[PDB]
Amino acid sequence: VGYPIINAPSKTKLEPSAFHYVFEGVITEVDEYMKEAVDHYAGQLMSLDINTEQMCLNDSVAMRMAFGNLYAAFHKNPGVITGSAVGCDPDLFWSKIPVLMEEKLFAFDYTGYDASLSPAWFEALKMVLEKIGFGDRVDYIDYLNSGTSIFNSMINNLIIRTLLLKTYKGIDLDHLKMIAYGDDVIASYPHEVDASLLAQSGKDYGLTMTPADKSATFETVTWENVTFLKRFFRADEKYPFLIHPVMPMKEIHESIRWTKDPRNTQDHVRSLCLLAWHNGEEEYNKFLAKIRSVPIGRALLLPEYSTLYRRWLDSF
């Protein structure tokens, strides 16, 4: 599985596609709170019994030698134990997320995540690695102070715990159920957590937190308005217990207007149809109708809705 929009390359490596005009495009050291956050998180990772062993086979691939098994673990176990979605199949994993979350959801975005991360956060990251067995290859982290999504997601787990602890004294982290993919995060708790208050705490650690998904105000987050990896959560009409990961056409329309080479348009458009069909038939067909309003589009293999839908059902 590849993430077309989320892992979209930079515009530097892109050129206009044949569909360019067919669519439009308009806090210094580790403190008492982090320490406890480490404690709680490291504990959870232990329940996984990740293999402390090195790996059995672009130079910086020595780190794939050091943390190869760690990465493999998160990849094999995306969820609330890892607190990571890195490596999930949105088509299947979306039906599980709701079942793994506590009743009250809370989310928010970061501004300049990677840039705003103080050195302390990395020290904390090391401590987590010490407690789960990789403490001898801890120096490999200074190379940031393949696995960026992993480590950044782990730092996000430390942040949320820390902020919760500093905002509400004595809170029990055992009831925190979150999932991260880099700096994007979906989270929950049995009681309403106010993200606007977490943000105030984030300031103390040099973090800039803002309402999620471009919002002027921190509003209540719900399954009807929450997004994860830019996708919404929409239950199927025939099987409500099956959740469609719904990427907005708006995001798709923009992506189809570019490409790396005209020789990948076929693959790239395939990717986009795999995301696109979840919006519903009427939507998908209009989408293909447009693609086919230009010569190259009419020469592309585009999967018809029903086959995609039926295949999806059978995938469960």
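So that there is no doubt, residue numbering starts at 1 and follows the sequence shown.
Engineer: Answer with none, 1 to 3, 4 to 9, or 10 or more: how many deposited residues between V26 and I27 are not present in the coordinates.
Structural biologist: 10 or more residues lack coordinates between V26 and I27.
Engineer: Please compare 192-200 with 237-245 and name the stretch with the higher mean C-alpha B-factor in the deposited structure.
Structural biologist: Higher mean C-alpha B-factor in the PDB entry: 237-245.
Engineer: Would you tell me which stretch averages the higher CA B-factor in the PDB entry, 208-216 or 79-87?
Structural biologist: Mean CA B-factor is higher for 208-216.
Engineer: Hey, out of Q44, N279, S271, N264, whose CA B-factor is highest in the deposited coordinates?
Structural biologist: Comparing C-alpha B-factors across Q44, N279, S271, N264, the top value belongs to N264.
Engineer: Which listed residue, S146, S153, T162, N225, has the largest C-alpha temperature factor in the record?
Structural biologist: The record points to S146.
Engineer: Grab the CA temperature factor for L300 from the record and place it in the lowest, middle or highest third of its chain.
Structural biologist: Its C-alpha B-factor, which the entry lists for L300, ranks in the lowest third among residues of this chain.
Engineer: Classify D174 as lowest, middle or highest third according to the C-alpha B-factor given in the PDB entry, relative to its own chain.
Structural biologist: According to the entry, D174 has a C-alpha B-factor in the chain's lowest third.
Engineer: Comparing against every modelled residue in the chain, figure out the third that the C-alpha B-factor of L158 lands in (lowest, middle or highest).
Structural biologist: Lowest third - that is where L158 ends up once the chain's C-alpha B-factors are sorted.
Engineer: Can you tell me which third, lowest, middle or highest, the CA B-factor of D183 falls into for its chain?
Structural biologist: Its C-alpha B-factor belongs to the lowest third of this chain's values.
Engineer: Test of reading the entry: by CA B factor among the chain's modelled residues, which third contains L100?
Structural biologist: Tercile = lowest for this residue's CA B-factor.
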